[PDB]
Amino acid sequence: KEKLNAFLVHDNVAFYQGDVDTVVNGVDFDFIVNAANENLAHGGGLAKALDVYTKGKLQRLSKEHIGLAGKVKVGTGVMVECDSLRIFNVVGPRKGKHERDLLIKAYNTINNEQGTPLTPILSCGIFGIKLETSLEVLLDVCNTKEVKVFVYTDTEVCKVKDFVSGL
């Protein structure tokens, strides 16, 4: 039914592997989360790849927002529609002393946005938070409705399987 099969299911969370175009095309979701920074300056990782997908519309709209009242608290998400695609720009934390308390806030913003999210594991790339830590918060917060999670590299895939195995 859904084009791309999940590699793993845990409780109400389903895990997928691909780049942006693969997951946007292959996964059934109401909105995709972007692991953004407080500037909504999409320079790297998933943020760049989502911007490229939208052919710059995302960055253009981000600038607009960033912008109006005013710029963006760690997070705290900003929904934008780029044609069919709804992108929920959520400011995950940088690694640091409050990382857990802020991952909690970010995942809660995600879990409380209406619809089935497709989300990355926040902060686990350029922000340098341990994948398993961020994932642990994700699962703790997102404990009711169906939520879909994507990762990118085969390394991250093994990390998810292994962590979920420990549960």
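Residue numbers run from 1 along the displayed sequence.
**Q** Looking at the deposited entry, does 65 to 73 or 48 to 56 carry the larger mean Cα B-factor?
**A** Per the PDB entry, the higher value belongs to 65 to 73.
**Q** When you compare the CA B-factors of 120, 43, 117, 125 as listed in the entry, which one comes out on top?
**A** Of the options given, 43 has the highest CA B-factor in the PDB entry.
**Q** Lowest, middle or highest third of the chain for the C-alpha temperature factor of residue 160?
**A** Lowest third - that is where residue 160 ends up once the chain's C-alpha B-factors are sorted.
**Q** Compare the C-alpha B factor of residue 133 with those of the other modelled residues in its chain, then answer lowest, middle or highest third.
**A** Lowest third - that is where residue 133 ends up once the chain's C-alpha B-factors are sorted.
**Q** Ranked by Cα temperature factor within the chain, is residue 109 in the lowest third, the middle third or the highest third?
**A** Lowest third of the chain for residue 109's C-alpha B-factor.
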